[PDB]
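In: Fold the following, please.
(chains A, B and C)
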Amino acid sequence: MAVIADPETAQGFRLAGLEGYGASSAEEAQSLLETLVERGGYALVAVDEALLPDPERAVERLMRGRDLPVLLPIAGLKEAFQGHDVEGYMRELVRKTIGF
Amino acid sequence: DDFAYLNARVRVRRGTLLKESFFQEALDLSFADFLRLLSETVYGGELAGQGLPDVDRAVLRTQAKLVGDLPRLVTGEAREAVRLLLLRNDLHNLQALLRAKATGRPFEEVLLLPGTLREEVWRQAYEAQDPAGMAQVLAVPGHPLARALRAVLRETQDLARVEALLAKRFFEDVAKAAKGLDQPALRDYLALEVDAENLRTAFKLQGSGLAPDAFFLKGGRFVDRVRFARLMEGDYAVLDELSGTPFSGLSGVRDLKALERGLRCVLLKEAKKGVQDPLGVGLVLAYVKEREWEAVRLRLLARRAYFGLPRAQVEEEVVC
Amino acid sequence: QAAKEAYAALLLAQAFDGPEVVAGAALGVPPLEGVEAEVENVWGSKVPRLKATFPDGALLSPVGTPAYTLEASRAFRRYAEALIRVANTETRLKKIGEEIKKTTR
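Out: Numbering: from 1, shown residues only, chains lettered A, B, ... in the order given. I have put the structure below:
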């Protein structure tokens, strides 16, 4: 893999469960993100909402099709984070199908 | 020989151990203020940067000058004794060095420190590629991990297995030497530390792919090779037959946090009574344990303070 | 919330035991193409889907802080497992992209 977030949370990808050595480096961690996925040979590419890819479109516009190893938004930081309910609901209905 | 001067220096250094009321005031603090608080104390004379890794390094520099020079400042029977406590941290250092050598990755991303085995010895070991070169470098100080290593490595060179067996032979040898210095506080500390180690080791190393009986050690109470295998498979029914320990009340508990808290707090109190035998290794034994548990605690508070984790997530641990 | 729990409360005690857990592991982490890729026919042709199913491991970590370590290693279940959820719901999202475009057109 290749999963990266904040430092503290980056530690555990360094262990097992997930593979990773990065953390933040940009806004969406472009320095690593783009360069890495170009090869795409990694078991998984997951970019957490600890970086926050506002343009998930950058990767899709460039890849031009691939569901194999491409970011999955999770969370990556703790503030009793379980807010990807109220966020995913609105992220789906707005651009695909009828609005909320 | 000689502990008189060593013991005297170590008592003066107690004057600067961080007090309980420190960690009370500290919980109410965020990271910026903890650092301002920390810089007043003696770890503070080695504090650097506003990053977390720069704090971790600042702990290491404190530990180097106040604990890692201690085997060097004395000789003979005194050096062997100070060495025996430091050997256990050298064992973390060797395992990490050996792994960097075997898997071909840099020297870096290990935790070293100076003591019995100095910074350059570890550097020399890394630079001796052949297992035989490696074995002789380690034989230079003559220290008990060498003599454990010489025996162990002849049988097998499989990395994970070298580590495991290095730990069992190293502990069989240690248990005798430490019981054998004939200090009652250290022996009482040793029986619980061992009972505690057997339990703790089973929790961490489950799923490694190794033998259960390559993690057992001399000083063990009701525990035996069969029970260690029972635990490694994940059964806590071993604990309901375990008794006579003061750890008997952590029995029946499945929660990881609560078990480890209880083992650690007992060993702390046990070592602190080491000053009722300040003669000899007592006073330095007590000192090493209090300074380790303060560094762990510095690290728990810092992380809690930076990332916005609950007050209670560390407030319970800091008061035993 | 129990994934991050242990995670975030460890960094300074370790950070060189990344090495330790991967080494000691017996195929506990596949770094290249460990995923379970699935073929799946839908409206907008063969789109591949996939689920994050690889061995992740639980309580196989030593060193660090005695309690936080163990906990952190147990947390690994809550990476692998959870990510599958999103592995099939977000991928569905893209399939329904096709549908939507061709449709609305």
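In: Pull the residues that contact the top helix by length along chain A.
Out: Across chain A, the helix with the greatest residue count (assigned by DSSP state H) is helix A:84-93. Helix A:84-93 is touched from outside by A:49, A:73-75, A:99-100, C:93, with contacts defined as Cβ atoms under 8 Å, 6 or more residues apart in numbering or on different chains. Any C-beta I mention is one placed from the backbone N, CA and C, and that applies to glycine too.
In: mind listing which of those residues are in strands?
Out: Judged by DSSP state E, the subset of the contacts of helix A:84-93 located in strands is empty.
In: Around chain A, which positions in the stretch 51-200 of chain B sit nearby?
Out: residue B:52 (Cβ under 8 Å from any Cβ of the partner chain).
In: In ChimeraX, how would I select just the buried ones from the contacts of helix A:84-93?
Out: Listed next is the ChimeraX selection for buried residues among these, using 16 or more other Cβ atoms under 10 Å in any protein chain shown:
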select /A:49,73,74,75 /C:93
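In: Among the contacts of helix A:84-93, which lie within helices?
Out: Residues from the contacts of helix A:84-93 lying in helices, with DSSP H as the criterion: residue C:93.
In: circling back to that earlier point, name the residues of the longest helix of chain A that are buried.
Out: Of all the residues in helix A:84-93, those buried under the rule 16+ other Cβ under 10 Å are residue A:92.
In: swap in stretch B:48-62?
Out: For stretch B:48-62, the buried set under the neighbour-count rule, 16+ other Cβ under 10 Å, comprises B:52, B:55-56, B:58-59, B:62.
In: Which one of the residues you listed is nearest to chain C?
Out: When the buried residues of stretch B:48-62 are compared for distance to chain C, the smallest value, 4.2 Å, is given by residue B:56; criterion: Cβ to the nearest Cβ.
In: Can you tell me how far the closest one is from residue C:19?
Out: When distances are taken as Cβ to Cβ, to the nearest Å, residue B:56 and residue C:19 turn out to be 16 Å apart.
In: just residue B:58 next, same as before
Out: Between residue B:58 and residue C:19 the computed distance is 22 Å (Cβ to Cβ).
In: now swap in residue B:70 and tell me
Out: In this view, residue B:70 and residue C:19 are 28 Å apart by Cβ to Cβ.
In: Point me to the residue of the stretch 151-300 of chain B nearest chain A.
Out: Among all residues of the stretch 151-300 of chain B, residue B:207 sits closest to chain A, at 9.6 Å; criterion: Cβ to the nearest Cβ.
In: Next, name the residue at the spatial heart of the chain.
Out: The chain I'm using is chain A. Using Cα atoms, centre = their mean, the residue of chain A that lies closest to the mean C-alpha position is residue A:47, 1.7 Å off.
In: should've been chain C
Out: residue C:80 (3.7 Å).
In: Leaving out sequence neighbours, find the closest residue to that one.
Out: Nearest residue to residue C:80 in three dimensions, chain neighbours excluded: residue C:56, at 3.8 Å (Cβ to Cβ, 6 or more residues apart in numbering or on different chains).
In: what's the neighbour count on that neighbour?
Out: 20 (other Cβ atoms under 10 Å in any protein chain shown).
In: correct me, but it touches residue C:79?
Out: Yes: assessed by Cβ atoms under 8 Å, residue C:56 is found in contact with residue C:79 at 6.2 Å.
In: list residues touching both of the two?
Out: Between them, residue C:56 and residue C:79 share these contacting residues under Cβ under 8 Å, 6+ apart: A:17-18.
In: Strands along the chain, start to end?
Out: All of this refers to chain A. In chain order, chain A shows strands spanning A:2-4, A:45-47, with DSSP E as the criterion.
In: Columns distance to residue A:32 on top of those strands, output as CSV?
Out: Listed next are those as CSV, based on distance: least, Cβ to Cβ, whole Å:
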stretch, distance to residue A:32
strand A:2-4, 7
strand A:45-47, 9
